[PDB]
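Notes for the one structure printed next.
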Amino acid sequence: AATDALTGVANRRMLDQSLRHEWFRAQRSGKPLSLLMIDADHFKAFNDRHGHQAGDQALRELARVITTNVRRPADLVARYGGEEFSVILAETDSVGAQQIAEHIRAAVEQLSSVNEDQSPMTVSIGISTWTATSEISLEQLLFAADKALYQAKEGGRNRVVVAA
Ligand SMILES: Nc1nc2c(ncn2[C@@H]2O[C@@H]3COP(=O)(O)O[C@H]4[C@@H](O)[C@H](n5cnc6c(=O)[nH]c(N)nc65)O[C@@H]4COP(=O)(O)O[C@H]3[C@H]2O)c(=O)[nH]1
């Protein structure tokens, strides 16, 4: 009821619920709250070449990479869509959120080289960040991360785009 059966991380309604509570918390603490939107690149073509089982295995590997780079108590990793992953980085500023994203992006790119069975694969990442002086809302925070994820898919996949 709270985890994704395939990947084992949180599911959508758990992400939305935890983000609402982590939102009001950051409003009081004044600590930066960052979001990551992680979509798999050329996934439809991936399932066409290697099949639906390899795509599921590629999602679990992507989930393992994110959770390997997201480890603190106030962090959450969830399956936000059939091919997306959303992570909460509470008390993390924009600079540190980018370093996490680069680690995740680089690790997914090298998953084919390190393990023979894996097929080449990349991810696109969008980042948004609330700071203590910002006036945006929670819906605007989520909007800026999906938009930056969209800008990552547009300007050529396999990259990290920070919202503005
Ligand atoms: N929310 C979240 N953010 C993350 C995580 N991993 C990295 N970051 C962000 O990435 C920045 C770079 O961390 P680093 O290069 O691993 O370099 C880190 C790391 O090597 C070390 N460090 C800090 N906390 C821990 C810890 O709990 N365990 C270990 N082993 N090392 C730590 O201190 C350095 C300074 O880190 P910061 O100044 O905090 O800045 C960190 C942090 O803002 C994570 O699992 N969750």
- Query: Expressed as a whole number of Å, what is the distance separating the alpha-carbon centroids of the range 1-57 and the range 79-117?
  - Reply: 11 Å
- Message: Only Cα pairs within less than 10 Å get springs; with that Gaussian network setup on the chain, which residue of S94, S112, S86 has the largest fluctuation?
- Response: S112
- Note on the structure: Expressed as a whole-number percentage, the relative contact order of the chain with C-alpha contacts under 8 angstrom and at least six residues apart is 28 percent
- Using a cut-off of 29 Å between alpha-carbon atoms, which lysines can reach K44, once sequence neighbours fewer than 8 places away in the same chain are excluded? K147, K153
- Helical mean residue ellipticity (222 nm; -39500 (n - 2.57) per DSSP H run of 4+; nearest 500) of the chain: -16000 deg cm²/dmol
- Task: Place a +1 charge on the Cβ of each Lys and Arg in the chain and a -1 charge on the Cβ of each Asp and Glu, then give the dipole magnitude about the Cα centre in debye, rounded to the nearest 20.
- Result: 340 debye
- Log entry: pair-distance distribution for the chain, C-alpha pairs binned every 5 Å from zero, whole % per bin is 2, 9, 19, 23, 21, 14, 8, 3, 2, 0
- Query: Within the chain, what is the longest stretch that has no GluC sites (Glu not before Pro) placed in a DSSP loop and near at most 12 other beta-carbon atoms within 10 Å?
  - Reply: 1-115
- Using the Cα atoms as the points, what is the convex hull volume per residue of the range 74-146 in Å³? 102 Å³
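Where a number appears in this text, it was derived from the coordinates with a stated rule and is not lab data. Cβ sites come from the backbone with ideal geometry, for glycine too, and all protein chains shown count toward neighbours.
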